[PDB]
Amino acid sequence: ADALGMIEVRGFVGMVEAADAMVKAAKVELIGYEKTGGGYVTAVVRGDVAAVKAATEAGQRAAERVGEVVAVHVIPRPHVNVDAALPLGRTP
Amino acid sequence: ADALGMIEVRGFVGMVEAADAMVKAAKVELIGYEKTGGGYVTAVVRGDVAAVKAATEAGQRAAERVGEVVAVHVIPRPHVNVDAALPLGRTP
Amino acid sequence: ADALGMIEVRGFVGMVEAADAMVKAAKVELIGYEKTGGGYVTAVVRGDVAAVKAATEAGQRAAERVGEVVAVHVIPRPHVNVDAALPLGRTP
Amino acid sequence: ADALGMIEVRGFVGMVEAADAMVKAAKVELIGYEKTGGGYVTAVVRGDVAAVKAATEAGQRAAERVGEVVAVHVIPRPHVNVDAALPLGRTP
Amino acid sequence: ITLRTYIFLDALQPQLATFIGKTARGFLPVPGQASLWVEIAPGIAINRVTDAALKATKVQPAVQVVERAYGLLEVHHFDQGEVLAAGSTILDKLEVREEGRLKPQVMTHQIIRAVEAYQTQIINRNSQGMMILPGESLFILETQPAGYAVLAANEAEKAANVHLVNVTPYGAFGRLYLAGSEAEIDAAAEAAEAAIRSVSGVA
Amino acid sequence: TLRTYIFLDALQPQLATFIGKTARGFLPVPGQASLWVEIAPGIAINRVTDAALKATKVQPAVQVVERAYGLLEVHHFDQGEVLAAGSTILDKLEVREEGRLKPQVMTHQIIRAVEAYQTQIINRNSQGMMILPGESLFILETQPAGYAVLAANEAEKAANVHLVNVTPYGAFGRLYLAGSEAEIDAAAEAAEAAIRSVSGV
Amino acid sequence: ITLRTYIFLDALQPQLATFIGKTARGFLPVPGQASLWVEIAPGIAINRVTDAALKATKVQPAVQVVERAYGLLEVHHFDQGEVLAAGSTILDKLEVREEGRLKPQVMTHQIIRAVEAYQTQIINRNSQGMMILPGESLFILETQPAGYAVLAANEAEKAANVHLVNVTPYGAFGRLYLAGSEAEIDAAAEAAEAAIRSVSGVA
Amino acid sequence: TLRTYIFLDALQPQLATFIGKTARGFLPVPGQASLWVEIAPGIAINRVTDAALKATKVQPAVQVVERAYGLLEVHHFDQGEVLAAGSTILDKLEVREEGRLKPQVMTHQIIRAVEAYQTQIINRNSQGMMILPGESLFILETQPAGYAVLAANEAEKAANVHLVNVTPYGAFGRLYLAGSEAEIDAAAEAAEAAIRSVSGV
Amino acid sequence: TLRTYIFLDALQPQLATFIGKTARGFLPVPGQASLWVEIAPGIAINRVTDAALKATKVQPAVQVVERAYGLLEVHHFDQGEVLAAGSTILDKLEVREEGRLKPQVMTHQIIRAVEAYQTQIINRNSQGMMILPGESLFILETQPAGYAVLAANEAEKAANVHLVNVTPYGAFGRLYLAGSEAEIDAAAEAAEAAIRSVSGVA
Amino acid sequence: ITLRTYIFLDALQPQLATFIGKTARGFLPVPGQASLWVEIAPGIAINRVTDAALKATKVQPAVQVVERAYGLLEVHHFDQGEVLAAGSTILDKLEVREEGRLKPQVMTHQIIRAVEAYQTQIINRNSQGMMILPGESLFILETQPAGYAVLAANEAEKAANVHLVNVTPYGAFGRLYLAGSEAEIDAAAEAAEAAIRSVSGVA
């Protein structure tokens with residue numbers, strides 16, 4: 001479906017700053033956030049591929065200032081099995 | 001039943017990239033993901049033995065780029081009690 | 001809603017050449033041009049974020065040949081109050 | 001459809017001399033003139049490219065004898081969205 | 001792996017899209033889509049690169065030619081972000097930066113005006129695009145590398161009213177036959193040469 | 001048995017260029033007067049070609065032998081040489097001019113605004129000018145097949161249409177023309193009036 | 001305009017879709033898509049039929065063959081509703097219902113056991129799909145009219161692991177060469193004959 | 001059914017060479033006995049081919065299923081192997097040799113001193129020898145299509161003619177021979193006598 | 001100059017089928033011994049071919065005098081007959097057996113789970129078996145070109161794969177194999193082991 | 001622009017004129033006419049040169065080949081004055097005289113007595129001219145640059161009773177296959193070799 005973009009932050013504050021900068025940076029959709037325990041939280045935006053490719057690279061630059069950024073990655077087309085299995089807000 | 005492949009990543013972003021590369025590199029079925037806490041998440045793919053052997057050695061090589069791959073394993077034929085007790089998605 | 005792209009040229013010739021190259025080089029909408037006086041005119045293309053960013057980089061490339069390009073900028077998600085209070089073709 | 005030709009003169013006198021010598025030099029149609037402020041006025045001729053090329057390079061020669069000629073450009077095929085938005089005489 | 005050609009056609013004009021769809025061995029491009037051309041040496045390694053496109057984005061391939069020495073891949077899709085993402089994934093799989101492409105060098109460019117009928121019979125037996133009628137001007141163009149010739153097609157139709165007689169982006173040298181009346185051919189010649197000469201790279 | 005005997009006073013440039021792309025002989029140039037003779041059985045045209053080339057200075061471009069039918073084209077700048085070759089052909093066949101089959105129109109249709117998904121296929125299945133999307137396509141079949149080139153000629157004497165395809169041999173004669181709407185309308189009316197103005201059986 | 005064949009394939013099996021990828025001159029189908037074949041007479045009217053689909057739905061056409069006198073059209077899409085709506089639009093423009101098609105007649109059905117190498121070399125030279133090997137059973141089928149032949153292909157691959165040596169769906173007779181072991185050719189022959197003999201129409 | 005069944009006793013070198021240029025199987029060398037079977041419907045010829053290849057040691061060269069007709073050539077050095085394969089073919093078709101179609105000659109002509117303008121076209125429409133300008137041309141159609149190669153083979157038994165073309169498959173079988181005038185006359189008499197000697201229905 | 005001299009001990013059926021699908025000459029049947037000789041310059045191979053055809057009873061399938069090089073195949077049931085034709089060929093060339101070029105692997109790559117959109121391309125550019133969407137693909141480039149059929153023999157000799165393509169002429173030799181992953185791994189290891197154990201002038 | 005081959009044929013012997021008319025993309029020559037062959041590098045630049053022929057004189061082109069690297073032009077007419085005037089016009093447009101051509105290197109000349117039937121099937125399958133029958137002597141010839149090969153055809157038929165099996169004058173090398181009885185092939189071989197190495201050039 002739509003392209004996927006993720007920020008993983010060791011901390012809720014840096015994740016909220018990244019999730020704010022991503023949806024202020026392009027036309028993406030903050031579908032939610034994943035708490036993997038231990039203080040790691042992952043903000044997930046999801047839209048067309050140029051928008052998320054700009055939004056994650058803006059939210060990373062705005063989240064490295066106020067927190068610890070673990071991983072940033074953009075998938076231009078996730079497989080249908082990933083969106084069916086993993087919870088990215090596009091499960092039919 | 002079918003063979004069993006696993007990628008455990010300290011990080012949800014690395015696990016989503018691994019779970020995407022695994023299902024794109026063969027015919028495997030991402031049955032889910034398991035959260036053991038502390039930031040560790042495990043992606044579990046499942047299918048015949050050569051396909052999961054390719055899937056995990058593509059998911060490791062595509063998930064060391066964005067994450068921190070803790071463990072990779074392929075069980076060529078799991079015992080039926082493992083599928084019955086542990087959550088591998090083939091529980092009858 | 002849609003992303004915003006602008007070419008400001010001191011002079012009408014460079015602006016019409018830029019506004020021709022932008023609507024050739026991408027699937028955008030040329031909603032018009034703003035005349036701020038003093039010889040300055042601002043052509044406004046407006047569409048999705050992938051096409052306006054690759055349209056203004058052709059409009060800049062074609063308006064430097066014949067015109068004095070004052071300013072080039074893209075806004076990927078313009079704020080709703082900007083579209084409500086400024087004339088950019090999305091007046092509700 | 002019709003190729004586009006433009007003489008921008010900082011001055012109404014040089015613009016009328018250009019718009020006279022262009023329509024006398026070949027068969028082009030003078031559609032109007034755009035006043036962009038600051039003393040810049042732009043005469044716009046429009047016809048087939050074999051006539052607007054011979055028209056603008058004679059109108060430039062005649063308008064460099066009385067005034068300052070800012071920009072001279074010929075567009076062999078303007079896009080239909082340019083004729084829809086910018087006022088080039090072929091507004092539907 | 002040597003990256004010869006890397007050109008991103010931002011919007012396919014209809015005669016180029018129609019000609020590619022007349023010649024391509026694959027999914028035919030339609031006019032309006034964004035497109036991308038990558039040529040590498042040696043040839044068969046493009047089957048790696050094509051996979052890196054088709055696993056990444058939604059783009060569709062038309063021309064994958066592994067000829068006698070080189071290899072050429074076209075990918076095309078509506079969203080320009082999709083084709084730019086496929087291009088970034090191709091350039092990561094090649095492990096090259098973009099500007100490692102060969103700079104296109106115009107070898108032969110010539111406007112042959114008022115072509116006799118006898119030469120049009122040969123040119124029309126040696127071309128699959130538009131015809132050429134007797135008396136219409138012809139524009140022959142040779143570029144090295146070959147793939148940049150389709151850029152020399154695209155921008156040409158983006159300028160004026162011509163007929164695309166031929167473009168070959170595969171082989172030793174890229175060929176371009178354009179045809180039409182004289183003012184249209186002069187505008188297309190200026191636009192095609194300015195398109196090719198503005199593409200940077202290694203020489 | 002004569003099926004098609006049609007004279008052309010002048011080949012239009014896209015028809016002459018199409019036959020320059022397709023024929024297996026001395027290719028015509030525009031402005032030349034031309035002549036098309038189709039007979040059944042096919043192989044007998046190798047007599048009839050000789051019956052032209054012993055008479056005049058005409059040059060043969062098309063000579064196609066299909067499963068049963070044979071098509072011949074001859075041409076020359078002077079119309080009198082072509083008419084003398086045609087008179088010698090009709091003398092050799094012992095058949096008059098009106099003994100030809102009167103052509104019937106199987107399908108005359110105009111498709112407005114052909115989408116890209118159909119233009120790509122029609123471009124792959126043709127050798128003339130390409131068709132672009134949005135251009136109206138005129139479609140024509142005539143039986144017998146050779147009369148198709150008559151509709152390929154007179155139509156270009158009417159409007160600015162692109163000759164996408166013409167097939168003058170085989171079972172059915174086929175004509176793909178393309179262009180803007182009013183030009184296709186005028187060219188289609190001219191092609192239908194050209195086919196209707198042929199006497200015969 | 002006579003409707004010789006109107007057949008709706010609910011899903012293209014991978015060797016049939018791969019064969020159409022080898023042979024067609026249009027937008028090539030992928031396996032899993034729903035397909036549709038319409039064959040009419042005279043052939044040149046199929047261009048009027050194809051537009052009738054392409055202005056209606058989102059289907060993409062792969063095959064448009066214009067024979068001497070017949071015309072074959074394939075359209076396909078992932079959604080079966082799109083394909084059946086395109087078929088409904090085609091039947092509304094023809095104003096002939098689904099029963100107005102020609103009921104297919106099996107001209108020849110044979111199974112050749114243990115084909116010698118001297119015959120496999122010629123079968124391989126005269127066919128484009130999967131190569132036959134010497135010592136394997138061959139299934140041979142012709143249906144009149146021709147457009148049903150792909151149906152006889154498609155359900156056959158829904159039977160057993162057989163090669164798709166050839167399927168010609170256009171002509172005076174639709175042809176089908178399948179290859180494989182004895183029991184698999186028996187199951188595929190039973191399925192293909194049951195699929196052809198379950199098609200209603202006129203004769 | 002059985003349209004064509006002719007037993008060639010041996011292939012003369014231009015015919016075997018032309019089959020080597022055209023066929024899509026095991027090419028025959030000259031001096032081999034050969035056999036041509038044409039049936040309808042065409043796709044049953046793979047039944048017939050297998051029926052030969054289980055019986056004897058023969059090797060098949062031509063197997064063409066054109067539109068509705070299936071042509072089959074087999075050959076071997078010994079005539080006995082080819083005749084045993086032919087007996088097995090006739091047993092599989094459940095007919096005999098007399099059930100074949102008696103060939104009708106559609107057109108037999110001799111064009112003397114062919115112009116260069118016609119030789120260039122004939123050479124572009126042919127795969128065998130090149131006809132030269134000034135040479136005489138022998139032209140032949142036989143129905144059914146197979147028997148034309150008999151009209152080739154016996155022709156080279158008689159005269160020193162150039163095999164320009166022979167098409168043994170399709171609706172009409174075609175033969176183009178070339179040479180000087182007396183050679184074409186003798187080969188024409190031999191080819192007509194070879195077609196007239198075929199019993200059938 | 002003797003580029004390739006490879007003796008195929010037994011033609012496997014998909015290779016024999018593909019050669020007989022692309023041969024200009026006498027089609028080989030499976031089980032026959034075969035032989036491939038590529039030399040430069042090209043047309044001098046007609047000196048070579050006739051020599052073998054004057055000595056032994058072998059039959060030629062593929063003789064390609066292309067733009068630059070020359071390629072000859074001869075095949076027969078008796079392996080002593082094909083080896084005698086090979087020694088006659090080497091006498092006419094006046095070189096030893098090991099005057100060949102040692103085969104260089106330009107590119108080898110196994111591409112797993114090929115998308116359908118690439119199988120449409122590869123099937124449109126192939127005259128052998130089809131590839132289906134999802135099956136693994138093995139591509140191989142060898143220099144000089146004739147040894148490609150060696151890589152198409154032994155691989156098929158060692159696994160259950162599909163032969164999609166082998167081109168033994170031109171500038172470079174190409175090999176497209178396709179099938180399930182384990183069979184393609186076995187066939188690729190077999191093809192590399194076949195290419196490695198061939199001596200010559202490096 | 002490099003002038004490789006400039007050869008002038010004073011009269012086309014009928015098998016060479018026939019074979020050119022079988023391979024030409026242009027106007028077919030008839031025997032007896034004067035003919036002319038010009039070969040240059042690069043290829044596409046020959047589209048200039050052909051124009052300079054057809055604007056000037058009455059000559060007509062038969063074979064214009066723009067292949068992978070080089071370019072070849074034939075012009076022919078009855079009057080030798082028109083063909084020589086077109087040759088002088090070609091050489092003035094190239095601004096090179098005749099002596100700048102490459103001297104033809106005779107790389108291979110081989111007479112093969114009594115070609116076996118197994119080899120004639122190959123040679124007849126590879127050829128477009130005559131057919132070689134089993135037992136007849138073959139003459140193969142390779143020259144560089146390739147255009148002079150048609151000279152090697154012409155003089156050969158001008159001195160013996162042979163069959164022109166093939167001549168390839170375009171590409172890397174010029175190939176010549178002649179066939180006939182033994183004494184005729186010895187005469188044709190001596191004449192063709194003397195005609196090739198009896199011209200000037202630059203080595």
# chains A, B, ... in the order shown; residues from 1 in each chain; ligands from 1
call {"tool": "calpha_fit_and_write", "arguments": {"fixed": "chain J", "moving": "chain E", "output": "compact mmCIF listing (two decimals) with C-alpha atoms, in the first residue's frame"}}
result
# COMPACT_ATOMS: atom_id res chain seq x y z
CA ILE E 1 35.67 10.98 -40.95
CA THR E 2 37.70 7.93 -41.96
CA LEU E 3 37.23 6.64 -45.51
CA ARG E 4 37.64 2.88 -45.33
CA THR E 5 36.22 1.61 -48.63
CA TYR E 6 35.90 3.46 -51.93
CA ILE E 7 35.38 1.10 -54.87
CA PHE E 8 33.75 1.83 -58.23
CA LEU E 9 32.14 -1.23 -59.77
CA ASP E 10 32.29 -0.32 -63.44
CA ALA E 11 29.62 -2.84 -64.50
CA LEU E 12 27.53 -5.03 -62.23
CA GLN E 13 27.61 -8.66 -63.28
CA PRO E 14 24.22 -10.39 -63.01
CA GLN E 15 24.71 -12.63 -59.97
CA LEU E 16 26.14 -9.78 -57.89
CA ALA E 17 23.38 -7.40 -59.02
CA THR E 18 20.79 -10.08 -58.31
CA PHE E 19 22.26 -10.81 -54.87
CA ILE E 20 22.39 -7.13 -53.93
CA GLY E 21 18.80 -6.78 -55.11
CA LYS E 22 17.94 -9.75 -52.93
CA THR E 23 19.56 -8.09 -49.90
CA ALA E 24 19.45 -4.31 -50.44
CA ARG E 25 17.16 -2.03 -48.46
CA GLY E 26 16.42 0.50 -51.18
CA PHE E 27 16.26 0.84 -54.94
CA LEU E 28 17.35 -2.39 -56.45
CA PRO E 29 20.23 -2.35 -58.94
CA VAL E 30 19.70 -4.06 -62.27
CA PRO E 31 22.50 -5.95 -64.10
CA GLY E 32 24.57 -3.73 -66.36
CA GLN E 33 24.62 -0.48 -64.39
CA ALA E 34 27.66 1.21 -62.94
CA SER E 35 27.93 1.13 -59.17
CA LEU E 36 29.88 2.65 -56.29
CA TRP E 37 30.53 1.63 -52.68
CA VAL E 38 31.68 4.05 -49.98
CA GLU E 39 32.26 2.99 -46.37
CA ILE E 40 33.12 5.56 -43.70
CA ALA E 41 33.60 5.62 -39.94
CA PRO E 42 31.58 6.62 -37.93
CA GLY E 43 28.29 5.37 -39.31
CA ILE E 44 25.59 8.02 -39.11
CA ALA E 45 27.70 10.61 -40.99
CA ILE E 46 26.89 8.64 -44.16
CA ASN E 47 23.50 10.38 -44.11
CA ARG E 48 25.40 13.55 -44.94
CA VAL E 49 27.29 11.77 -47.72
CA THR E 50 24.18 10.16 -49.23
CA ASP E 51 22.59 13.61 -49.48
CA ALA E 52 25.67 14.84 -51.34
CA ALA E 53 25.11 12.04 -53.82
CA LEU E 54 21.40 12.51 -54.32
CA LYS E 55 21.47 16.28 -54.65
CA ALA E 56 24.28 16.13 -57.20
CA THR E 57 23.55 13.43 -59.77
CA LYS E 58 20.77 11.09 -60.91
CA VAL E 59 22.24 8.08 -59.11
CA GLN E 60 20.09 5.82 -56.98
CA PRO E 61 20.99 4.26 -53.63
CA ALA E 62 20.52 0.62 -52.72
CA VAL E 63 22.51 -0.20 -49.58
CA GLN E 64 22.76 2.36 -46.82
CA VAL E 65 23.68 0.41 -43.71
CA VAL E 66 24.61 2.19 -40.49
CA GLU E 67 25.61 -0.85 -38.44
CA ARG E 68 27.20 -1.08 -34.96
CA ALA E 69 30.26 0.94 -35.85
CA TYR E 70 30.70 1.68 -39.56
CA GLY E 71 28.61 2.99 -42.43
CA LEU E 72 28.13 1.79 -46.01
CA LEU E 73 26.58 3.45 -49.07
CA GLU E 74 26.00 2.06 -52.56
CA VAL E 75 24.96 4.27 -55.49
CA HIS E 76 24.24 2.97 -58.98
CA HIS E 77 23.25 4.36 -62.37
CA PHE E 78 23.61 3.49 -66.06
CA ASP E 79 25.88 6.33 -67.21
CA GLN E 80 29.33 5.77 -65.74
CA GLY E 81 29.90 9.52 -65.81
CA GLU E 82 26.95 9.96 -63.44
CA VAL E 83 28.36 7.49 -60.93
CA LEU E 84 31.86 8.97 -61.21
CA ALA E 85 30.37 12.43 -60.65
CA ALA E 86 28.51 11.17 -57.59
CA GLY E 87 31.79 9.65 -56.40
CA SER E 88 33.63 12.94 -56.86
CA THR E 89 30.88 14.76 -54.98
CA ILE E 90 31.02 12.18 -52.16
CA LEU E 91 34.79 12.56 -51.91
CA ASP E 92 34.47 16.34 -51.84
CA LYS E 93 31.83 16.21 -49.10
CA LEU E 94 34.14 13.93 -47.12
CA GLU E 95 36.92 16.45 -47.97
CA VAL E 96 39.28 13.59 -48.77
CA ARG E 97 41.36 12.61 -51.73
CA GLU E 98 40.55 9.18 -53.16
CA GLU E 99 43.72 7.37 -52.03
CA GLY E 100 42.92 7.92 -48.34
CA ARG E 101 41.05 4.62 -48.41
CA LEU E 102 42.28 1.68 -46.39
CA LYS E 103 44.17 -0.76 -48.59
CA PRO E 104 42.23 -4.06 -48.63
CA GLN E 105 44.19 -6.81 -46.92
CA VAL E 106 43.26 -10.43 -47.65
CA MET E 107 42.96 -12.19 -44.29
CA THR E 108 41.47 -15.59 -45.15
CA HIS E 109 41.35 -17.17 -48.59
CA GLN E 110 40.65 -20.86 -48.99
CA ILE E 111 39.42 -23.28 -51.65
CA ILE E 112 37.63 -26.12 -49.86
CA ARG E 113 37.30 -28.80 -52.52
CA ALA E 114 34.51 -31.41 -52.79
CA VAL E 115 32.41 -30.16 -49.88
CA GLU E 116 30.48 -32.81 -47.95
CA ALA E 117 26.70 -32.58 -47.82
CA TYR E 118 26.66 -31.87 -44.09
CA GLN E 119 28.66 -28.66 -44.43
CA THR E 120 26.52 -27.57 -47.37
CA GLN E 121 23.44 -27.79 -45.14
CA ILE E 122 24.98 -25.27 -42.75
CA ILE E 123 26.35 -23.00 -45.48
CA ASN E 124 22.97 -23.00 -47.19
CA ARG E 125 21.28 -22.10 -43.93
CA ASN E 126 23.83 -19.27 -43.55
CA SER E 127 23.55 -17.77 -47.04
CA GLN E 128 21.00 -15.90 -49.10
CA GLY E 129 22.53 -16.10 -52.56
CA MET E 130 23.04 -19.26 -54.58
CA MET E 131 22.90 -22.69 -53.03
CA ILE E 132 25.87 -25.01 -52.80
CA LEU E 133 25.42 -28.61 -53.80
CA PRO E 134 27.41 -31.50 -52.28
CA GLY E 135 30.75 -32.14 -53.93
CA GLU E 136 31.17 -28.71 -55.49
CA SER E 137 34.19 -26.65 -54.52
CA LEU E 138 33.82 -23.69 -52.18
CA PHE E 139 35.86 -20.48 -51.99
CA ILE E 140 35.81 -18.60 -48.70
CA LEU E 141 37.31 -15.12 -48.65
CA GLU E 142 37.72 -12.59 -45.85
CA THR E 143 38.90 -9.04 -46.50
CA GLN E 144 39.40 -5.96 -44.35
CA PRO E 145 37.75 -3.43 -44.94
CA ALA E 146 34.41 -5.06 -45.55
CA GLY E 147 33.14 -3.17 -48.60
CA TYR E 148 35.90 -4.35 -50.95
CA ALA E 149 34.34 -7.82 -50.74
CA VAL E 150 31.79 -6.77 -53.35
CA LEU E 151 34.68 -5.99 -55.69
CA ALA E 152 35.87 -9.49 -54.86
CA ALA E 153 32.43 -10.66 -55.89
CA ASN E 154 32.18 -8.65 -59.10
CA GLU E 155 35.51 -9.46 -60.75
CA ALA E 156 35.02 -13.11 -59.76
CA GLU E 157 31.84 -13.37 -61.81
CA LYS E 158 33.62 -11.31 -64.45
CA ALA E 159 36.11 -14.20 -64.83
CA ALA E 160 34.48 -17.62 -64.74
CA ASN E 161 31.29 -19.64 -64.21
CA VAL E 162 30.73 -19.72 -60.47
CA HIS E 163 27.82 -19.46 -58.04
CA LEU E 164 27.78 -16.46 -55.72
CA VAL E 165 26.75 -18.01 -52.43
CA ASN E 166 27.30 -15.02 -50.15
CA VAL E 167 28.96 -11.64 -49.92
CA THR E 168 28.77 -9.43 -46.84
CA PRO E 169 30.29 -5.94 -47.23
CA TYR E 170 28.94 -4.70 -43.89
CA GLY E 171 30.22 -5.65 -40.48
CA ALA E 172 33.68 -6.10 -39.06
CA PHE E 173 35.09 -8.16 -41.93
CA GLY E 174 33.93 -8.67 -45.50
CA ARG E 175 32.97 -12.23 -46.35
CA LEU E 176 32.72 -13.98 -49.71
CA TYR E 177 31.38 -17.48 -50.37
CA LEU E 178 31.76 -18.66 -53.97
CA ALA E 179 30.94 -22.14 -55.23
CA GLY E 180 31.27 -24.22 -58.36
CA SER E 181 33.37 -26.81 -60.12
CA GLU E 182 37.09 -26.85 -59.49
CA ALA E 183 38.56 -25.14 -62.56
CA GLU E 184 35.94 -22.38 -62.41
CA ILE E 185 36.68 -21.85 -58.70
CA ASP E 186 40.43 -21.72 -59.38
CA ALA E 187 39.98 -19.06 -62.07
CA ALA E 188 37.62 -17.12 -59.80
CA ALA E 189 40.08 -17.36 -56.91
CA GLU E 190 42.96 -15.98 -59.00
CA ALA E 191 40.75 -13.19 -60.34
CA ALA E 192 39.30 -12.21 -56.96
CA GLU E 193 42.68 -12.16 -55.21
CA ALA E 194 44.22 -10.16 -58.06
CA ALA E 195 41.27 -7.77 -57.88
CA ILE E 196 41.72 -7.15 -54.17
CA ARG E 197 45.52 -6.95 -54.22
CA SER E 198 45.57 -4.27 -56.95
CA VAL E 199 43.58 -1.72 -54.90
CA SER E 200 45.93 0.83 -53.35
CA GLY E 201 45.45 3.00 -50.29
CA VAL E 202 46.72 3.82 -46.83
CA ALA E 203 47.67 0.93 -44.54
call {"tool": "residues_around", "arguments": {"residues": "residue 75 of chain D", "least_positions_apart": "5", "cutoff": "12 Å", "atoms": "only C-alpha atoms", "output": "PyMOL selection string"}}
result
(chain C and resi 13-14+16-21+62+66) or (chain D and resi 1-6+44-50+52-53+56+82+88) or (chain E and resi 158-161+184+187-188+191)
call {"tool": "residues_around", "arguments": {"residues": "residue 51 of chain F", "least_positions_apart": "6", "cutoff": "7 Å", "atoms": "only C-alpha atoms", "output": "JSON, numbers by chain"}}
result
{"F": [88, 89, 92]}
call {"tool": "interface_residues", "arguments": {"of": "chain H", "to": "chain G", "cutoff": "8 Å", "atoms": "only C-alpha atoms", "output": "NGL selection string"}}
result
:H and (24-26 or 41 or 43-44 or 46-47 or 49-50 or 53-54 or 59-61 or 63 or 67-68)
call {"tool": "write_last_selection", "arguments": {"atoms": "C-alpha atoms", "output": "mmCIF file, in the first residue's frame"}}
result
data_model
loop_
_atom_site.group_PDB
_atom_site.id
_atom_site.type_symbol
_atom_site.label_atom_id
_atom_site.label_comp_id
_atom_site.auth_asym_id
_atom_site.auth_seq_id
_atom_site.Cartn_x
_atom_site.Cartn_y
_atom_site.Cartn_z
ATOM 1 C CA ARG H 24 13.018 -27.254 -39.158
ATOM 2 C CA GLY H 25 14.226 -30.762 -38.439
ATOM 3 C CA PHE H 26 16.851 -33.285 -39.421
ATOM 4 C CA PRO H 41 -6.811 -31.569 -39.625
ATOM 5 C CA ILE H 43 -2.482 -31.284 -35.605
ATOM 6 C CA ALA H 44 -3.032 -35.033 -36.022
ATOM 7 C CA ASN H 46 2.071 -35.668 -34.595
ATOM 8 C CA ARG H 47 0.059 -38.880 -34.340
ATOM 9 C CA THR H 49 4.934 -38.758 -37.116
ATOM 10 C CA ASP H 50 5.028 -40.889 -33.967
ATOM 11 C CA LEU H 53 9.108 -43.076 -35.567
ATOM 12 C CA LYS H 54 8.063 -46.092 -33.536
ATOM 13 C CA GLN H 59 14.424 -39.303 -39.556
ATOM 14 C CA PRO H 60 11.875 -36.531 -40.069
ATOM 15 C CA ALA H 61 12.819 -33.160 -41.575
ATOM 16 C CA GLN H 63 6.704 -31.090 -39.928
ATOM 17 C CA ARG H 67 -3.521 -23.489 -41.002
ATOM 18 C CA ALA H 68 -5.497 -26.727 -41.120
#
call {"tool": "atom_distance", "arguments": {"atom1": "atom CA of residue 188 of chain F", "atom2": "atom CA of residue 109 of chain F"}}
result
8.6 Å
call {"tool": "select_by_dssp", "arguments": {"residues": "chain I", "states": "helix (DSSP H, G or I)", "output": "ChimeraX atom specification"}}
result
/I:13-22,45-55,79-93,97-99,116-124,145-158,181-196
call {"tool": "interface_residues", "arguments": {"of": "chain C", "to": "chain E", "cutoff": "9 Å", "atoms": "only C-alpha atoms", "output": "MDAnalysis selection string"}}
result
chainID C and resid 24:27 49:51 54:55
call {"tool": "write_last_selection", "arguments": {"atoms": "C-alpha atoms", "output": "PDB file, in the first residue's frame"}}
result
ATOM      1  CA  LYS C  24       5.934  20.419 -18.643  1.00  0.00           C
ATOM      2  CA  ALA C  25       8.328  18.719 -16.245  1.00  0.00           C
ATOM      3  CA  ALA C  26       5.717  17.321 -13.832  1.00  0.00           C
ATOM      4  CA  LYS C  27       2.032  16.626 -13.263  1.00  0.00           C
ATOM      5  CA  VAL C  49       5.297  16.707  -2.953  1.00  0.00           C
ATOM      6  CA  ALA C  50       7.142  14.480  -5.427  1.00  0.00           C
ATOM      7  CA  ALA C  51       6.183  16.484  -8.506  1.00  0.00           C
ATOM      8  CA  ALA C  54      11.042  18.091  -9.410  1.00  0.00           C
ATOM      9  CA  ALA C  55       9.072  20.825 -11.177  1.00  0.00           C
TER      10      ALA C  55
END
call {"tool": "closest_atom_pairs", "arguments": {"of": "chain I", "to": "chain J", "cutoff": "8 Å", "atoms": "only C-alpha atoms", "output": "Markdown table"}}
result
| residue | atom | partner | partner_atom | distance |
| --- | --- | --- | --- | --- |
| I:24 | CA | J:122 | CA | 6.1 |
| I:25 | CA | J:122 | CA | 5.3 |
| I:26 | CA | J:118 | CA | 8.0 |
| I:43 | CA | J:142 | CA | 7.5 |
| I:44 | CA | J:108 | CA | 7.1 |
| I:47 | CA | J:112 | CA | 7.4 |
| I:49 | CA | J:119 | CA | 7.5 |
| I:50 | CA | J:119 | CA | 6.9 |
| I:53 | CA | J:116 | CA | 7.0 |
| I:54 | CA | J:116 | CA | 7.7 |
| I:59 | CA | J:118 | CA | 6.7 |
| I:60 | CA | J:118 | CA | 6.9 |
| I:63 | CA | J:122 | CA | 7.0 |
| I:67 | CA | J:172 | CA | 6.2 |
| I:68 | CA | J:172 | CA | 7.0 |
